[PDB]
Each structure stands twice: as C-alpha cells, then as structure tokens.
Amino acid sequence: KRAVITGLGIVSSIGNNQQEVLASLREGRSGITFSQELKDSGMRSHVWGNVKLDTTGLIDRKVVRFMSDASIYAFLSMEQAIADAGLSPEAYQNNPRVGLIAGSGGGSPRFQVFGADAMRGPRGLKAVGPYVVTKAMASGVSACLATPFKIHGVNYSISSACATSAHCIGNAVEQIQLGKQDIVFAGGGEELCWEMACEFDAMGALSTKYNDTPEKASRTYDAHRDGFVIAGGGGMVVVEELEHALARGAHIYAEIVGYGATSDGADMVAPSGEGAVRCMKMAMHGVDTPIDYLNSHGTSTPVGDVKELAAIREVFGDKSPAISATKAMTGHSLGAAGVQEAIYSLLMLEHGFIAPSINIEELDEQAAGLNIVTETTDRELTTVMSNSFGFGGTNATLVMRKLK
C-alpha cells in the first residue's frame, strides 16, 4: 500500500533526459526561445518552451503512425523510465500487474484541424487518413503507449488541464495502494503548436510583451509578469509497490507519502486559493516530517501566483518552506507539467539542491516573507511538495519523501 518512484523519464524544454535537465536546473538555464511559427500564425505571444529535438525516425514506423507529438514525447520519456528503473521486457510486458496512466491536456489540435482541412479540401475523405483518431483523441497518449509497450494492466488517460499528469501520478499511487497494480507508469505529454497556443492568446493568458527577450518572458513572482509561456514535452515516472521494488533491488528515488486532489467549485478561469489550501493539507496529512522544498504551480500570471502564495501562507503559516517556480525556466507544458515538475522535485531531492526561481528582477509585493529561492542552493532535502492547478478549479498536490 506504499508507493515509490523507481524510474524517471523526461523530454522537456530544458533537457531531453534527466541528466540534461539536472544541468539546466542547477544553472537556471531558460528553455524558452523565439517561435517563428507563433509569429506567422498572427499571435501576440512569439515565445514558447519548445523541445530541442528532432524526433523524426526515433520511433518505429508501425508505432509512430498513430502518434501525435504528445504521444511521441511521452513514448520517449517512458523508454527512459523503463531503462532507468532497470525493467527488462519480460519484467513489465504482458504483465496484468503492470499498468499505465498517462494523459494530455487536449489531445492534438494540430491533427484535428488537419483532418478538417483535408475533409474540406479538393480530395475530401481521401486526404484524411486512417490515423487522425488516435492522434486527436484525448486518450491518444495512453493508447499509443500501452500497445507497443504491451501493457496488460490498467490503461487510460486522465485529463485535468494543467493538473493532468499530476492526477495521473496520484491515480497511479491509488492503484498501488489498494493492491490492484505492482507497477504503473504515470506521466503525460503535450504538443506545441499554434493551433493550441493561439486559443490561450485569445484569452490574454500568454506573455506578449517580452518577444524580444524570450528567456525572461516567463517571470514567476516578478512584479512585471505578463502571463505564462506555453511549452511542450513529456514525462513519465515508474510508480511501484514498495516491497515489490525492494524484492528486485530497484533504485528508489522517493516515496509518495501524500497526494491531494480537490476542486474549487467557484470560478472557471481564476483559482480561489481555498481549494489549494485543502489540496495541500490533504497531501500533508499523516506526514510527520516538514516540507523542505515546494515546487509551486507558479505560472507567471498576474492573478495565478498571488492566489497560490496566499494559499501557501495559510497552510504553512510562519514556517514557510523553500519555494521555487521552475516554470520560469521551462514554461508551461500544460498536461505534461505535473509529471515534469514532479521529476524536477525528484532530481532536487536525489541530488540535494534547490533549483532557483529565475527572472525575479522585482519580487512581487504579495510574495514577501516567503522563502523564494532565487539562486541555486545546495541543501539536503528530505520531503518535497509540488502543486499543479488546472482550469475548472481542479487542484493536485504531490508530496514525496526520501525512503528510510
């Protein structure tokens, strides 16, 4: 009934594996670049957190034919997690005790518009192709991955906006907790395209007044934050039952000692804080050790960061933990943010440092009195927490602690 993380895999804007990520994290390296695609589409935001990798040919033809970018990123991330966990094919394939729970925030808007343009084109149905469904559907990530990896256990996608892959992890923990699975791969992926980004721009949610300086467009907790920078990528962690991981001598990053999942039920687009307070308290219940580091949701938005800060204050009071918003470096990978920021927290827990919250040239007045780390700091971490909030008032909180 105790769940541990035994394998990591990440393809993000600051690294194509956990080593490259570890280097970017220690150095405060931004992953945000200028996007000619976002400018050509007619958007105001011309910056994004792209994946610096040419995935062309990296996956077998009969597998990638069904995949969008969200499935490609998550497939690459699961391959890393499988090798990092030390799982041989006979150890996890064709195993009813082995499942997979990975989702995306919104499928694949690109291939969805492609099929519509193809359907309305000169060729019509002839130009659509038989693979648009698996790419565009919301469960494309879990479905495109469970088939080649021969997953026999649990298999579905969870969707909850930017809490997506965080809820995947918590749901994977629950499957372990009630004995239904020994291993669940949890994570997610998100494509990066104008078809998806321009719809956030139409709401005024994207950073638009830093296109000439992309590496400081995402500036969480800075007084002059303009909105979030959209990002893509994927991530996958190996959630395993404790004694099952001990019996096979696996490497154990941390134990999932807490998982919160609540809802605001108030507003659709702006958080309320009350839900996040319950979500954090829910994830800290029964955790005897204090929280050393908190990877906040911090999205570099005017209203988003102050509400979570108020929630952090009410939860911890005066004994506020070390806070850092990695989204200032990575951007917002939406559906993939929960798993990626859990991986960042695990790297910080495993290697004993705290990644900095960059681009804070002027700390927001509503952030004083907190321990917001702005310079890379070596520190022996024992318990870390990561928040993930999504549209509709949905909240997710993960607490991870070192073993023994």
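In this text, rigid core is short for the largest set of C-alphas that superpose within 1.5 Å between two forms. Note that residue numbering follows the sequence shown and begins at 1.
Fitting each structure in 8 other deposited structures of this protein onto the rigid core and averaging C-alpha distances over structures and residues, 122-130 emerges as the more displaced of 226-234 and 122-130. Set 30-38 against 361-369 and average the Cα temperature factors; 361-369 ends up higher. In this entry, 299-307 shows the higher mean Cα temperature factor of the pair 236-244 and 299-307. Highest CA B-factor among the listed residues (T262, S142, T164, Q112): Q112. Per the deposited coordinates, the residue with the largest Cα temperature factor out of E341, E350, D54, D69 is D54.
Among all modelled residues in this chain, the alpha-carbon of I312 has a temperature factor (C-alpha) in the middle third. Sort the modelled residues of the chain by CA B factor and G393 lands in the middle third. In this PDB entry, the Cα temperature factor of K135 sits in the middle third of its chain's modelled residues.
In this PDB entry, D288 carries a Cα temperature factor that places it within the highest third of its chain's modelled residues. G249: CA B factor in the highest third of modelled residues in this chain (values from the PDB entry).
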